[PDB]
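Colleague: Pasting a structure here, questions to come.
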Amino acid sequence: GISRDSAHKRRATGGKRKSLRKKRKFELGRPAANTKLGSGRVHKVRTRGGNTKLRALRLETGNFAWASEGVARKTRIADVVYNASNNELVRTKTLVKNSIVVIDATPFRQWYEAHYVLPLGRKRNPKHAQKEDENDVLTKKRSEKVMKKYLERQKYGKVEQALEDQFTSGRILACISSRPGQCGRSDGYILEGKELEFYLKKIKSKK
Amino acid sequence: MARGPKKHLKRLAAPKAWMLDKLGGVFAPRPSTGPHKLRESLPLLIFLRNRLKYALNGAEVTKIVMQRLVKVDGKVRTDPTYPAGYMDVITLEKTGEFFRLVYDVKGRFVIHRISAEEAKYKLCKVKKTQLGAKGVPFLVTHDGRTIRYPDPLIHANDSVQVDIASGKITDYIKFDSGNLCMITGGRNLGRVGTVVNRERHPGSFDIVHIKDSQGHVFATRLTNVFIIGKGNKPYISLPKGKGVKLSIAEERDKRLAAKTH
RNA sequence: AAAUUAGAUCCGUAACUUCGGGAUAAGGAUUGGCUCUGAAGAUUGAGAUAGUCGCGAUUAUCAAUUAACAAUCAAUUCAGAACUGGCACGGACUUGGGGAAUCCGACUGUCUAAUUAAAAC
RNA sequence: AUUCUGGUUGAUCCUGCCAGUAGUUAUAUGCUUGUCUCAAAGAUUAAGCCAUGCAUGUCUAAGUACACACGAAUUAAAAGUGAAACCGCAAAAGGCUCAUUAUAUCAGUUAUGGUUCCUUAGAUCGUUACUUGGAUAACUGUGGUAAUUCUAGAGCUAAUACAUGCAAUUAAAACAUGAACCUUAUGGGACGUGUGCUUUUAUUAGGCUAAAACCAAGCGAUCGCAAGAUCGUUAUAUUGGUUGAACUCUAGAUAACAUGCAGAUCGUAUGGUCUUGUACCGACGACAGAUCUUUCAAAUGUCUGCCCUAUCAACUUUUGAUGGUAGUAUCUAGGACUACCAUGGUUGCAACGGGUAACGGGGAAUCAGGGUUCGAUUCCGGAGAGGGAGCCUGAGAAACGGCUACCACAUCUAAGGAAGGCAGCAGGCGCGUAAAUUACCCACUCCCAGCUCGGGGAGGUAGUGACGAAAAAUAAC
RNA sequence: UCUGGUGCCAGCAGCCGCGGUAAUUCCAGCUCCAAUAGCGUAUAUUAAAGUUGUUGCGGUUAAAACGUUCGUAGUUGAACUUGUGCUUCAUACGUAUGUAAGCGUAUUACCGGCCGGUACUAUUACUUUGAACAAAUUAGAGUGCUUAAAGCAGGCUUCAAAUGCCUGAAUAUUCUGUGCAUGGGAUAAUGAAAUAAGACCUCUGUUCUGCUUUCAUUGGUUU
RNA sequence: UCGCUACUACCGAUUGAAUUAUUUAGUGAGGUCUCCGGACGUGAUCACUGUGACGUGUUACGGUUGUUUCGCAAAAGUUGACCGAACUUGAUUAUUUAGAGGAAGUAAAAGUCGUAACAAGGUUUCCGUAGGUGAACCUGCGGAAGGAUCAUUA
């Protein structure tokens, strides 16, 4: 099969090592995943001793985690924008580790004003001319049960300018942090502070 | 794993710390992977036919151990080749034997018939205190008996006496510069007590200096060092007389030359 | 006589040798269309901090830029990838068959306008 | 048991080689041989081919038993022996050989905190019928082709095989979320909800020297009439951890995650309790369980150490060479593989190339020492099964006494097709200077299985045997 | 220095050499000598070999100093540093310190009862003793397999009855070197202080870094 | 030197011949993986049909039914990658071998021709270098004594 250790592959002087141990199983390699953005496939491969890992060709959904929260909301995966290993992997939309990715931005925002009821980032006020009627069904204060906890915050609720602009579009930049050919999933964190400003300078200034 | 794992083992390749003869067969007892390692074992074809001479063939040992007459550490152990290493109390209540495997000063082991009252507990050293087994704490023993919920002052490099009916600690003997010890594994095998000083080499292989009752100061690795009590404290019964660090000619002068016959 | 080869890119290339060569030696691979991707330039850079007078017009600057500084603008060439059909792709045209020797003249040059271009001069 | 003699001259002293000399587990061969104890033995040439035969199978009272094949008696308990067949395990060890291989194997040292692991022992197992579904061998029955090997069609039936499935999975407790609670504070609640492990991602703590000057709640406590003002006690930077350490590590909590896994099993006894009524519980073992710790190991990497050759001086890098970087892939590190940058890396202290009649090491032969030569060969390690490549199942194999193809050789054929690898043990051809029986048994040493009992040309044991070692007929008075 | 045969023939002989009608060497008879269930021959290999030379050769003439000198790699490199003296006492016989203690201004600071925890170690080669690691082999301890090479057993009370005893089954070269621990500090290299980025000091607070203890809890003012 | 009889090793047209491994290109069996695929064999709904039951409005049991909804897997075959045997071609090595002719060497003294050297070898020898000659050799230039001078000549 594909082999993974140096039976071939000449030495540090430049010299050809000759033959070396006909071909052994324990140094095998496998054909890759190339997990596209097709919805829902997993093949599982029987690995070294007794085990199994999940070769997840064609995934579509991922357990993404806003790292500055301690939250991890599952979304779907929309676009594969940037990748440092290649551009053959961007263009064919293949998911491997840290591809910069675009997810949903919605299951975080509903989680955001659940615990951090402060409305931001706010959309166009022509839509916001009336509520149904949210600001009392948010907290209502009870005089006084569990819920004054929503106002010794507002120290947390000033998420940065370059992230709240990316929430109003309803799609946010994230980053894969799993091994989709191995772990069977494409999870990850999202770009917030300076991982953001690097990977976004990489896009709009290059074009 | 590379087409392993080597179920056979040859005579003149099993150690001569079990005193096997070069003729007598091509093969060797090959202990079946118990608590103790292979080179630190005495498989129960050795202890029954070669030593106690209860048998005379190899077939006359499975006609002993399968009837549950043998009893290693309180449990039965009908394995015909169970490893049964250091201080494993083979408590034969029939026919009332009560051994313990303690190692001789000549690098070898010695048959030591012990008292039946102190047979039912044995002394064993600790290796790694760690979390994770129930609930948080546990330590691993030199034979590997993991025992849960220990004393928080038993660190590594110490020994605890384990009762053979329970699996519970009753006394700990910790590693200070006043405690007599015992060596198992090197050239200094069988020599008993007492500690002087330990040279800590950071990363790795600490050695320690041991002074015998003859004033015979010597040294060995900290891996080989068991511990069997404080100063002039035999907490277990020892075999023949302590492993004095006999001279080479004195054993040829004690009983070989000075011989009544 | 005719056929074979032929453009270009890449790899590779023997005997001899006046060390210049031989040599485009020989021998092989690649080549269309379509969608992108990379690389190779130029020109102003871009200036952050009172308010008189009523931000507005008369209205500031050493340097640090910087590691894609940011837009404009400019030509064209070269590498890469994916898909894609009757393998038809240098699709017409333009366009070397090669090699092992022997003889003569070294070479380029010249000659019998109208039968000899040579080894002759 | 640190020694030398003959041979150059008409004779001499030398240099010098030749010839003698002795050992060789060192091969052949020549002649002869009365014992006897041990005993090497197709390595050299052909890792060149091979007739025949065998070398891997396995059952406990304890996975499944509808055989009259044999046991007994109207009890389903037959619990007997259990053939078969299923399932579980093993067939990856051993045994043979030395073609390949020149820092490669190997030896020592050290590592794996860069991994993985059947077994073995040890510890461990709550957050809607509880007792189940269908379908096959064995078995019956009828068949096919040159051909036994191969297999179809139908009728039956099992489980620790396959599949589903816990009403105590049971909450209080723990604890978010609301909730009938409602007070100038190191302050309080019924209940509705939710909280297996494992994987994945993410977060936060992470092993730790001492006090006040001053200050809002003035609660503990004090003073001012008080609005209150000045102060202040401890439980509060509360997890093993190498005792070399941001070990991403074994632990824990938080926010999720998807998707699986989760004890519908078996022999011997049963009485506590009889209403003999599924009200009442032992000791054992398991196709098995899961996590952690061990163990038999492996596989990589560290630092040194290898023969002949310069009539081999520069090599490597398009097509990975040296590094960076992100990935993929693997059990895991890593140019191992990809993409992008950097231009490195080895070298007269011999790189690179070539040769090898080279498997490496333990060791063997021979000397006073220093040494030279050898090691196919019983032990450890590597390597391979006609030549290469591929691969399935399996904890473990790039397995060949497994498969698949190509190549070379051969085989059967009724011409359609089917199977084969003795460098296992014997045996035959062949090549050769050069090497034995187509024998006997598992009592030994151990190995394997469901495992006191089966199997094991592993192993022991006779036959051949002047390879080699030892004690000693061939006379004595 | 036997007897017949042959006559540079047949042949023998590792080499030197024999044999040409007297052969101590051939071929045979008669004898003799070596080792002996053995011994001869062939090839290889070690010793012989001071003919491969580290121990340990040779180079004027026997084989052999480059025609000459430069010269890098390499190999080798002058001397120099706390050496001892006294005072001693422990110790072979007024003599002998061979263990040590006292002057060369301080061979590392505390507590313990001279003695332990204890803070601090220019370096490498060499060397001491160790650690650490397969067995067989080898060296070889012990032992009447009858002996022997082997073997790892066996022996005793004892001719016994008798879990009735006793002890075995060494220690080492090896697996030479690398690497580790420890003692030494002769020998041999490197190292340091130059108009001082020299040392202790002027311990000045000019500058520091930091963070766990207390600001009840918990926040601000800040030493 | 030459001539006869042998023996070894060279040079050499043939751009000879036979291997041996190692590869560039080319084709290419198989297999892993993958894109589809969906024999047969169920699930299962859609209706129901056989009957009874309720209020014929609805349902219970049978028809391996009718036949549409909805799955579940899954063989052949396939698309693309990747490992890659294998043959065909080219180059590169590393050995071995046939060759007209040519030319050195050795053994073989007993052949021919002459006498080169060693005696002051009758021209002292030797060396380096060039040319010449049937052959040993000769001659020039330079050197050396291994010479036939260790030299006596204020």
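So that you can scan it fast, the table gives a plain yes or no per residue for (1) within 7 Å of RNA strand D (Cβ to nearest atom); (2) in contact with a helix residue (DSSP H, G or I) (Cβ under 6 Å, 6 or more places away or on another chain); (3) more than 27 Å from A:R109 (Cα to Cα):
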| site | (1), (2), (3) |
| --- | --- |
| A:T52 | no, no, yes |
| A:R55 | yes, no, yes |
| A:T61 | yes, no, no |
| A:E69 | no, no, no |
| A:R76 | no, no, no |
| A:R91 | no, no, yes |
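Colleague: Which count do you get for residues in the range A:121-140 that are surrounded by 10 or more Cβ atoms within 10 Å (Cβ to Cβ) and either touching a strand residue (DSSP E or B) at 6+ places or on another chain (Cβ under 8 Å) or among the acidic types (D, E) (or both)?
Modeller: 1
Colleague: Another one. Cβ contacts < 9 Å: first residue more than 16 Å from RNA strand E (Cβ to nearest atom), restricted to the range A:32-60; second residue aromatic (F, W, Y), any location; separation 6+ or different chain. Result?
Modeller: Close Cβ pairs satisfying both conditions: A:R48/A:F26.
Colleague: Which one of these is aliphatic (A, V, I, L, M), within 10 Å of RNA strand F (Cβ to nearest atom) and without any contact (Cβ under 8 Å) to a residue 60 or more places away in the chain: A:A12, A:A7? Lay out the reasoning, then the answer.
Modeller: Values: A:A12 fails: within 10 Å of RNA strand F (Cβ to nearest atom).
So the residue among A:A12, A:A7 that is aliphatic (A, V, I, L, M), within 10 Å of RNA strand F (Cβ to nearest atom) and without any contact (Cβ under 8 Å) to a residue 60 or more places away in the chain is A:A7.
Colleague: Same structure again: Among B:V110, B:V102, which is under 20 Å from B:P234 (Cα atoms) and touching a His at 6+ places or on another chain (Cβ under 7 Å)? Steps first, please.
Modeller: Numbers: B:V110 fails: touching a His at 6+ places or on another chain (Cβ under 7 Å).
Checking each option against the conditions leaves just B:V102.
Colleague: B:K106 passes all but one of (1) within 30 Å of A:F26 (Cα to Cα); (2) more than 10 Å from RNA strand D (Cβ to nearest atom); which number fails?
Modeller: (1)
Colleague: Could I ask something else about it? Any residue in the range B:231-257 that is of a type in the set (A, V, I, L, M, F, W, C) sitting within a Cβ distance under 7 Å of a residue that is not in a loop (DSSP other than H, G, I, E, B)? List the pairs, counting only those 6 or more apart or interchain.
Modeller: B:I236/B:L123; B:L238/B:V102; B:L238/B:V192
Colleague: Within the range A:163-188, take every residue that is within 12 Å of RNA strand D (Cβ to nearest atom) and in contact with a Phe, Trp or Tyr (Cβ under 7 Å, 6 or more places away or on another chain) and give me the one that is farthest from A:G121 (Cα to Cα). Quick ask: steps written out before the conclusion?
Modeller: Step one: filter the range A:163-188 for residues within 12 Å of RNA strand D (Cβ to nearest atom), giving A:174-188.
Now narrow it down to the ones that are in contact with a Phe, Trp or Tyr (Cβ under 7 Å, 6 or more places away or on another chain): A:174-175, A:177, A:187-188.
Details: A:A174: 18, A:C175: 21, A:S177: 26, A:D187: 25, A:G188: 23 Å.
Looking at residues that are within 12 Å of RNA strand D (Cβ to nearest atom) and in contact with a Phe, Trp or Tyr (Cβ under 7 Å, 6 or more places away or on another chain), I get A:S177.
Colleague: What strands (runs of 3 or more DSSP E), lying completely within the range B:172-261, carry at least 1 residues that are more than 16 Å from B:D158 (Cα to Cα), more than 16 Å from RNA strand C (Cβ to nearest atom) and away from every other protein chain (no Cβ under 14 Å)?
Modeller: Ranges flagged: B:195-199, B:207-211, B:217-221.
Colleague: Give all pairs with beta carbons closer than 9 Å in which a residue from the range B:6-34 that is farther than 21 Å from B:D104 by Cα and part of a strand (DSSP E or B) meets a residue that is of a type in the set (D, E, K, R) and away from RNA strand F (no atom under 16 Å from the Cβ); count only pairs at least 6 apart in sequence or on separate chains.
Modeller: B:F27/B:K10; B:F27/B:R11
Colleague: Give the residues of the range A:176-207 that are of a type in the set (F, W, Y) and within 15 Å of RNA strand C (Cβ to nearest atom), sorted by residue number.
Modeller: A:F198, A:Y199
Colleague: Moving to a separate point now. Output the residues belonging to the range A:60-81 that are buried (at least 18 other Cβ atoms within 10 Å of the Cβ) and in contact with a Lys or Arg (Cβ under 7 Å, 6 or more places away or on another chain).
Modeller: Once the filter is applied, which keeps residues that are buried (at least 18 other Cβ atoms within 10 Å of the Cβ) and in contact with a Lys or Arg (Cβ under 7 Å, 6 or more places away or on another chain), the range A:60-81 yields A:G62, A:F64, A:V80.
Colleague: Which residue, of B:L23, B:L69, is more than 16 Å from the chain's Cα centre (by Cα), surrounded by fewer than 13 Cβ atoms within 10 Å (Cβ to Cβ) and more than 14 Å from chain A (Cβ to nearest Cβ)?
Modeller: B:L23
Colleague: Could you please find all residues in the range A:146-178 being assigned to a loop (DSSP other than H, G, I, E, B), more than 16 Å from RNA strand E (Cβ to nearest atom) and of a type in the set (D, E)?
Modeller: A:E160
Colleague: I would also like to ask the following. For the range A:5-30, name all the residues that are surrounded by 10 or more Cβ atoms within 10 Å (Cβ to Cβ) and away from every other protein chain (no Cβ under 14 Å).
Modeller: Within the range A:5-30, A:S6, A:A7, A:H8, A:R10, A:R17, A:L20, A:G29, A:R30 meet the criteria.
Colleague: Here's a check for you: in the range B:2-20, which residue that is within 25 Å of B:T184 (Cβ to Cβ) and among the small types (G, A, S) is farthest from the other protein chains (Cβ to nearest Cβ)?
Modeller: If we take residues in the range B:2-20 being within 25 Å of B:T184 (Cβ to Cβ) and among the small types (G, A, S), then B:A17 is farthest from the other protein chains (Cβ to nearest Cβ).
Colleague: Something else now. Exactly one condition in (1) exposed (fewer than 13 other Cβ atoms within 10 Å of the Cβ); (2) aliphatic (A, V, I, L, M); (3) free of Cβ contacts under 8 Å to residues at least 60 places away in the same chain is not met by B:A165; state its number.
Modeller: Here B:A165 clears every test but (3).
Colleague: Could you please give the count of residues in the range A:32-65 that are near RNA strand F (Cβ under 10 Å from one of its atoms) and within 14 Å of another protein chain (Cβ to nearest Cβ)?
Modeller: Matching residues across the range A:32-65 total 0.
Throughout, read-outs are computed from the coordinates displayed, never taken from laboratory work. Cβ: placed from backbone, ideal geometry, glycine included. Neighbour counts: every protein chain shown.
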